[PDB]
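Data first, discussion second: the structure below is written as structure tokens.
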Ligand SMILES: Nc1nc2c(ncn2[C@@H]2O[C@H](COP(=O)(O)OP(=O)(O)OP(=O)(O)O)[C@@H](O)[C@H]2O)c(=O)[nH]1
Ligand SMILES: Nc1nc2c(ncn2[C@@H]2O[C@H](COP(=O)(O)OP(=O)(O)OP(=O)(O)O)[C@@H](O)[C@H]2O)c(=O)[nH]1
Ligand SMILES: Nc1nc2c(ncn2[C@@H]2O[C@H](COP(=O)(O)OP(=O)(O)O)[C@@H](O)[C@H]2O)c(=O)[nH]1
Ligand SMILES: Nc1nc2c(ncn2[C@@H]2O[C@H](COP(=O)(O)OP(=O)(O)O)[C@@H](O)[C@H]2O)c(=O)[nH]1
Ligand SMILES: [Mg+2]
Ligand SMILES: [Mg+2]
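Residue numbers (the authors' numbering), protein chains in the order written: chain 1D, 1 to 38, 46 to 441; chain 1C, 1 to 38, 46 to 441; chain 4P, 1 to 44, 47 to 360, 369 to 439; chain 4Q, 1 to 44, 47 to 360, 369 to 439.
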């Protein structure tokens, strides 16, 4: 009865949700037909019909019909309500102005009409799970259009975002520094907590930790699905120490500007390394604070953790949890901020993370999703401003954006706001006087 | 023993009745031969012979023999009494004066002779169901001739009309603004409650809600048949909260001029969307007050509902009915008139709406026929006067009407009466003082 | 001895009453046939009040079913307990009321009222000593409001000493089940203040809350709401049918409950009301049945008693219980809720204790409250009446049936007379 | 006679309390159904304090379960001893507290507090003579800290004479289970010093040490930590439920233990605590149970008593034991630890001796210490509060829910008032 609907914007948002909703059907025994052979645990993400057919609380939206028609013809064709699978005709096409003004304004009333039909049959609606990216025009433009609208119609709901942050050296599009600054100026006053995820840092984990020389986006979407299945584990399943979506934004957002933590999942092993280590709760907790296992390309040793959130699940004993965390406050490489002596939120669930068939993770008995809000993400925004300040000084690509319904001065409005955001990590990351 | 005979005028009236009386034989198990293999529920529309052959209480009348001879040779040849299937020789031919003066005066005594032979074997005759259109000459002219005659011979009977109102942008004939004004000046002082239905608004529903790119008039006549089968559901079947034909005109006609509500049926789904939603009584009630699901091309947000009538049927629980309706009086988009705090009539029947084989609706467990009398239909009559004021100012097409038995000054009599009708929605739609 | 003719008007009263005679047949051990099949002789001791014994030891109800459409009569006679009524009693029209007071009180109902009164008078001659008549109907319908209140006016003329208790479903505050129900209720309350000794105001919104919150029925049909009214209807007349340690009748619940002859608008109530799961988690005690009645969430009328003062309160009890445990709790709610009761009536609780519980229950209760909380019941309707009447909308369907605007002015003046009276005695000291 | 309404707030209090009612059902012989199945009549002599007897001789707990998310309620009602609670008591929201004091005390909890108080008041009327209320919650959560301390403020207004003993899990010194737990604990200690007669400070770090060092459980779950609190919770109220050679109640353990009305922050303790192997290598004697309590490694709060002075000490004993052997040992720890006790309270040990041991034990104990060692418990939190508040971090989640910075200034001034008071009476002579 703690329902929670999720929104999937852009190609990145839908392809993450293809692995998320595959994972949720395995966690609840749901067939791809929506049935289950032979427990009101589905209810947070699954609304049930009059028969035994459970349909998801998802809104898959993309301005191009390519990625949705693979969903409409895939294995989970019969699972999804066909009015939820919302398309356009032409994509936003790596253009924030097409995603927000030209193409996004067409079907923004169609998506909100489908959000409202889900929210009416949700008697206990907690919040939103917007899966998008910062690089694509749909994931940046249409999300920023949608987060304005949901903050008007709902406002008090806990709107969680799960962005794909663009990597420093890997960038599969040219104008990703434009789409990321323009989507962050908009969603800053509207989102409540946006969980950053990077592509290059999961390329490293799938190569090193999972031993795959050639990982796909299919492999990266399995790991991001295990993050969200660990965050929303306490709603779906009974745990020893539970946590709500309102509790993530409470324990991780000290200031309403700074709401950008970074997700870190552990253990990430293959079947050949399911043996050769026992994976206690202290073995996997030191995995999360290791800078190699984080999923955003930042050095957490170059910053200070403002707030961490260790989401244990599986065969996890709370005494050994205290044995694992108390060692980390003694270490110097994990350093906190001066105003925060209490920098942990712990959640224990009784369910182990399940294994998807064809998945590249091993069946473990316990896991942890560290959601650490840190000072070290300011180096990420300093890169992205420097990628923005090189391009905009020559006014490159601006005619693709002005010609779709945008003022040229609005780029200075987004850059001055980000420069105001960059000193916010500087103002908080320093220590107090007296 | 609550008998009710129905009249079908014009091509639109007969082709609606081809889907209505197909539907009624399925609801009562009646064969197309009039028999039924292996319950006095038929009696309101079916008179029975000495054998087990049930014949309908219908008068199919058209001034051309084309549409009736398809009935006389169709599948329901053996169902209908051949004296009821009344034809002419030449149609009224989109001419109100031919339908009322030239051709209509010939067989008006033949139709009333067949009405009276039905009304003599009706021991409990409640009223009339005149199925016609506003555009055709027979449906406008011969109906307006017939409603004068039935108001003389019967008078106190509840004469319900089910018009096909002409669409703003779709008009399949040129002189539809002439036939509609001239038939409304006549039937205003004679009809008791006329239920408006539009073609373009059901084109939208068959495309969007039923997912048919190419719907026919065959598809539109199935949806209008489900409206009448929901209105006359309480007579034919035992319900938890019943409603009579005298109760529709009582609860929807606050002033004897204004008797033009608009029908709205829900749910309108296909078999692929029979799943993927549970369709509770609050899910289908918010469907009716949505402006996309109404069957008259008007914006109900641009007007105020004077009186609504929610005709529930099927597996409908009266507690959840109150849970569905009490939310709507809180909403601002559904606004009522100041003098009407009590703007609902609810009827619950125990019968679900059945599915016709070859029909494009899914077998649901519950439905609702909202019969909402609203202020927003004044914009429809403002369009139709403006379509009338353009044509008549140049005196176009008047020689086709004067040459068949009509005064040219009678057009000013119908336009001044409609301008008196247009301010009636203005006089009622405003709020009271003190 | 003290027989009651039950009259059923409208679709509503025919559907409530068909559940009412399901309870009375269970409390007296009567089969669908009409023959006695109980085990105790206490069921047959006062069998005569709701039954006439026919030949072959079959008991037929003294019920008169009235409607203007034949659809509800087929639902009764083909449903269960339908072959038990006399076919002479089913007096029904053909046209239907038209959801119209004037078509039920002047046009179609006046044609059928002589068909009913000849059955009313035929039943009232077979009665040895007539107690009085009860009518079940609504106020928003046309037959229940027009034809029903026509029968009350034509019986109080012919039986002015008898009691006329009506079980009238009042239009709900939130939803409107009828567009013209402010007009139909106001023209009936004009007829109820002059011709009924007492009147039991029931809201459909309140029974939706009780079936959802208290009984935990997420999907209650009408037949679940009718089972709540029928247990209340049998609870008012249960000391008249069964022995009790402190008996009452329909006159003791009218003498004690009506201080002024217009102020006879009551709100009912019933206890215990437990779910299927939550029935083993609660003990059936007289303090539990007392505290369940006197709150707001157990009123079968949708008006909060905390916005008014109880003038008089009747709490008819059923089951083998002790009188001190009753008299302690009736005093207990008068101490702690001394502002919620009226001041100038000291000890304003009437207690009736029967000896026979309902079927399957150990003990039970029935709350009959005469409060000033139903002044909000008529401040709402007279506001909805005046808002519609000031634009004269939906008026030609009633003016066109032999009425003027003076009838609407007098009926709205008569209601605002009664609103001022409940405003008076709530603040009177 | 002397009934206690148990209130459970937060995920923590619902998980502690579900183990608490597992102990009370075992000590009174109550099945999962709710029916008595013990053998001695001493279990039913004071069954009323934690139970209401329903029909069919079933005892339901007088427990009120409060949460803001429905996840913990499903864990209770589907777990063992879940079908024993009344379904009326499960009062839960939908949104969750958001790990936020202001969303639990102002926004979502204030919407639900009237749903709880109407169940609190309904239970408190069925009580014959009310002893007082106990609340189990945390200080780092949102429901246990915001919604829990809202209930204490809304009960002490309605019941100012009763005792309000809270079993509040205090944030641990080493690990932080919540990023904003310095903010949530400080805003609750503002509400605990003004509205609780006594408060039992429990650390999760201390119970980790006791399960590891003392009980030799290398892998203790929460259910092993909850079994330590539940044996302590039943140990404070065991002379109220069973006869004893020197009885006590929750008022004797409040009059003797609270010398000043702010200084009511206690540290619990339990004895005996043996492993499965090391239980045959130790004799259960009153000197062994005494020396096990008064050290540092048996405190269920993670503060060393050697860094402070005990003001008052309660040592509630269970089992057939002799009073001289008790009175020798209570004197014995006052001689050898005369610097560890306060000077200006002579003979600062309250002794209660029950007659009934826990299940499977020969004798037992329960330490209730009121020391100045918990000044380090609040010097740590107010340091962690001031370090976070001086940069105003994580503040807009609380300022944005209808609060100012003045509430944080007054709550931190109220805590440093109490830190100075334990600093005062430790050095006072
Ligand atoms: N982690 C992950 N990232 C993806 C996936 N698919 C696309 N992306 C990332 O998404 C970024 C660009 O956003 P897209 O989703 O491709 O484009 P869009 O959001 O649909 O916006 P448009 O281009 O206007 O249609 C690229 O940098 C990709 O790295 C995926 O399956 N998993
Ligand atoms: N909904 C619906 N409308 C129809 C149908 N058939 C015809 N119409 C409408 O009827 C309108 C014109 O009236 P007709 O019935 O065709 O003509 P008529 O009433 O026979 O009058 P005459 O032309 O003189 O014969 C057109 O605008 C059509 O849209 C039908 O089967 N269903
Ligand atoms: N409690 C209850 N109310 C009903 C039931 N059936 C109808 N009603 C109410 O009765 C009113 C309709 O009046 P009705 O007698 O059916 O109209 P009439 O046939 O024109 O007199 C509506 O407001 C309904 O709320 C029922 O079974 N139970
Ligand atoms: N001793 C103990 N502590 C617990 C248990 N479960 C949770 N906690 C503590 O409770 C705190 C979480 O508060 P909680 O009530 O769950 O948060 P809320 O739902 O927002 O009110 C954490 O600091 C945990 O250490 C338990 O079973 N035993
Ligand atoms: Mg794309
Ligand atoms: Mg034609």
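Every residue gets a Cβ at the ideal spot worked out from N, C-alpha and C, and that includes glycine.
Considering only heavy atoms of ligand 2, does any lie closer than 7 Å to the CB of residue i?
i, result
"residue 179 (chain 1C)", "yes"
Any heavy atom of ligand 4 closer than 7 Å to the beta-carbon of residue i?
i, result
"residue 12 (chain 4Q)", "yes"
State yes or no: is the beta carbon of residue i nearer than 8 Å to at least one beta carbon in chain 4Q?
i, result
"residue 1 (chain 1D)", "yes"
"residue 248 (chain 4P)", "no"
"residue 217 (chain 4P)", "no"
"residue 342 (chain 4P)", "no"
"residue 332 (chain 1D)", "yes"
"residue 40 (chain 1D)", "The residue list of chain 1D ends a segment at 38 and starts the next at 46, so residue 40 (chain 1D) has no coordinates to report."
So, does the CB of residue i fall closer than 8 Å to a CB anywhere in chain 1D?
i, result
"residue 227 (chain 4Q)", "yes"
"residue 405 (chain 4Q)", "yes"
"residue 285 (chain 1C)", "yes"
"residue 459 (chain 4Q)", "What is shown of chain 4Q runs 1 to 439, which leaves residue 459 (chain 4Q) out entirely."
Relative to ligand 8, is the shortest distance from any of its heavy atoms to the C-beta of residue i smaller than 7 Å?
i, result
"residue 10 (chain 1D)", "Annotation note on ligand 8: not contained in the displayed structure, which lists ligand 1, ligand 2, ligand 3, ligand 4, ligand 5 and ligand 6 as its ligands."
Of all the CB atoms in chain 1C, is at least one closer than 8 Å to the CB of residue i?
i, result
"residue 127 (chain 1D)", "yes"
"residue 102 (chain 4P)", "yes"
"residue 296 (chain 4P)", "no"
Could you check whether the Cβ of residue i sits closer than 8 Å to any Cβ belonging to chain 4P?
i, result
"residue 410 (chain 4Q)", "no"
"residue 254 (chain 1C)", "yes"
"residue 296 (chain 1C)", "no"
Would you say the beta carbon of residue i comes nearer than 7 Å to a heavy atom of ligand 3?
i, result
"residue 4 (chain 4P)", "no"
"residue 142 (chain 4P)", "yes"
"residue 173 (chain 4P)", "yes"
"residue 331 (chain 1C)", "no"
At a threshold of 7 Å, does residue i count as lining ligand 1 (C-beta to nearest heavy atom)?
i, result
"residue 98 (chain 1D)", "yes"
Taking 7 Å as the line, does the beta carbon of residue i fall inside it for any heavy atom of ligand 6?
i, result
"residue 71 (chain 1C)", "yes"
Let me check you understand the geometry: is the CB of residue i closer than 7 Å to at least one non-hydrogen atom of ligand 5?
i, result
"residue 17 (chain 1D)", "no"
Within the segment 340-422 of chain 1D, ranges of the alpha helix (DSSP H) (whole runs, at least 4 residues): 385-400 and 406-409
Residue ranges of each beta strand (DSSP E) within the segment 148-227 of chain 4P, 3 or longer: 165-172 and 200-205
Touch test, the segment 262-281 of chain 4Q against the segment 325-343 of chain 4Q, Cβ-Cβ under 8 Å, three pairs minimum: no
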